[PDB]
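An experimental structure, sequence included, is below.
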Amino acid sequence: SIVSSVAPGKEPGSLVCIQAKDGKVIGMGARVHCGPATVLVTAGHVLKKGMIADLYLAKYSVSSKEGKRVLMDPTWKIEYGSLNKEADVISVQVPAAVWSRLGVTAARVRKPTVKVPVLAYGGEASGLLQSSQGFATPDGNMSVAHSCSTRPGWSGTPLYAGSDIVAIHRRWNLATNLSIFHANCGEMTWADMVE
């Protein structure tokens, strides 16, 4: 798996880091289209960490040249998901202002196929990301086996095939076939001002 460093702001527009309060990246996620709006998607065990410590959505802003973060409000409503170890995926209806403050654009979900080439992203900070190359194959139920190298911290990160997301990385590699769950589907802004 070719692991490369990614330049600040050069990751996919849909990618977010999920961080503890000291900045530690403890998972990843993405903004995806779901019917007439969009949702955050990530691994269910990443958001379960929110009972251990506060979680922050984080993304690097090119226009500001800095990191941005928003606390994950625990009242955001789920769209779908399952904490079953074979699914371990959760989607959250995140307000528009959150996504706007972070500058996150939405990706489309696509079915994976046998040996589809994929990229996974993670890293230790929002402007210090890496990519790993690999292949992905569906298992015919809910998962996808893949060969992208990942670290702890990369749970919830999408497997991108081209522009689209075909899976959500789970753990040591297995990912969730997201198409299965997606079937159901002047100077300062006020969002920046309120935090």
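Good, I have the coordinates. Numbering: from 1, shown residues only.

The nearest residue to residue 102 once chain neighbours are set aside: which element?
On the basis of Cβ to Cβ, 6 or more residues apart in numbering, the spatially nearest residue to residue 102 that is not a chain neighbour turns out to be residue 59, at 4.3 Å. (C-beta placed from N, C-alpha, C; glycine too.) With elements delineated by DSSP states H and E, residue 59 resides in strand 56-61, which encompasses its position.

What is that strand packed up against?
Counting by 3 or more Cβ pairs under 8 Å, 6 or more residues apart in numbering; DSSP states H and E, the packing neighbours recorded for strand 56-61 are strand 15-19, strand 66-71, helix 96-102.

Can you tell me the strand partners of that strand and which way each runs?
strand 15-19 (antiparallel), strand 66-71 (antiparallel) (DSSP bridges).

I figured residue 143 was touching residue 178, is that so?
No. The pair residue 143 and residue 178 fails to qualify as a contact (Cβ atoms under 8 Å) at a distance of 10.5 Å.

more neighbours, these two?
Applying other Cβ atoms under 10 Å to residue 143 and residue 178 shows that residue 178 carries more neighbours, namely 27 against 20.

mind listing what the more buried one touches?
32, 41, 89, 109, 165-168 (Cβ atoms under 8 Å, 6 or more residues apart in numbering).
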